[PDB]
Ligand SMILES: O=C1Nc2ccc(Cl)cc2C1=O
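Read the single chain below, which is given as structure tokens and is the form deposited without the named molecule.
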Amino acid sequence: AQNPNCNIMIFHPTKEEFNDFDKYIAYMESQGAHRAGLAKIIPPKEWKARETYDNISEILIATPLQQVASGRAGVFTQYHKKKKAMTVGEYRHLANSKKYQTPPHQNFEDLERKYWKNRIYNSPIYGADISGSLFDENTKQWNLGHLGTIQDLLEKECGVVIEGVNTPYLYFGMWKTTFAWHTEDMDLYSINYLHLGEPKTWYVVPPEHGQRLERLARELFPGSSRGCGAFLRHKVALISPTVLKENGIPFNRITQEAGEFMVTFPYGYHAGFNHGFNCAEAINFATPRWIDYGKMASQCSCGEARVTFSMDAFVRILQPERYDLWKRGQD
């Protein structure tokens, strides 16, 4: 078995190997990359997502989210308080202000220490889940707005034609902005490109060990657990690497820098934070190996997790028994 210790793998495709996205994902899995739950892909040096980022300031962040923490430094939840719209220019200025900017630090490790020590005492503002793309339409390779759709994958593998569309989302981050512990909707893959700015640190649990994370989470967030049998779908819970080590949960960590892709694999729980002002683009996708994970994915039916139009069809076709109760949650 390749990669038996489930380490995060880093790939350096050639321009030639960067032509066929599906085939490269399949290559990565042949080498065991999925075992980690997360891989890094460094694009060939000839590749570019677009010519420059000089003209992005007029993008609107219609609902910036202030991420308010509760709990203790290593075990907390966050809630998203909606703030007034601002442009990316305004947001960048805010991220760079004395109140919100990244503190002086030695290196990534020192900054990680500072994050876990101090995150709870601040409420950074995140521009998340903004429909859109920063890839130039002329970028032919690994353009997250030109991937094959999940609906087409399901049609190709299973023969059923369904409604729904699949488009990318932009994330504008600042110091301490945080993504809670989650897998993707319907345990899909995701791909994330860091277009610009400061890094993003990721933590990940191997898919084969995801249930160990869930068991810990139920112990650490006991009222949330009683409220919903899939409360990590709410995307609000954080657990530090110290806490995970104390409880024997297998995980890995890696820092993504501007110009790099990360791929999360089905049922790979991940969480992380941004180091300073940045912009990422991400999208879910499927492969044939995903199907069985989609069939088995947990669902939130308490009604908090409230998810896309397109997830309806996935649940309807892959989880017909759940369909009924899940849609009661969605309506």
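Note that residue numbering follows the sequence shown and begins at 1. For clarity, a rigid core is taken as the largest C-alpha set superposing within 1.5 Å between two forms. Only residues modelled in both forms are compared.
The same protein also exists as the form deposited with the named molecule bound; that form is not shown, yet it is the one meant from here on.
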Placed ligand check: the named molecule in the bound PDB entry, overlay by site C-alphas, backbone/C-beta within 2.4 Å: blocked
Since only the chain is shown here, I'm wondering whether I41 would be in contact with the named molecule in the bound PDB entry (any heavy atom pair within 4.5 Å). no
Although the partner isn't part of this model, could you tell me whether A36 comes within 4.5 Å of the named molecule in the bound PDB entry, counting any heavy atom of the residue? no
Rigid-core superposition between the shown form and the other one, with residue runs of at least 3 whose C-alphas all shift by 2 Å or more: 324 to 328
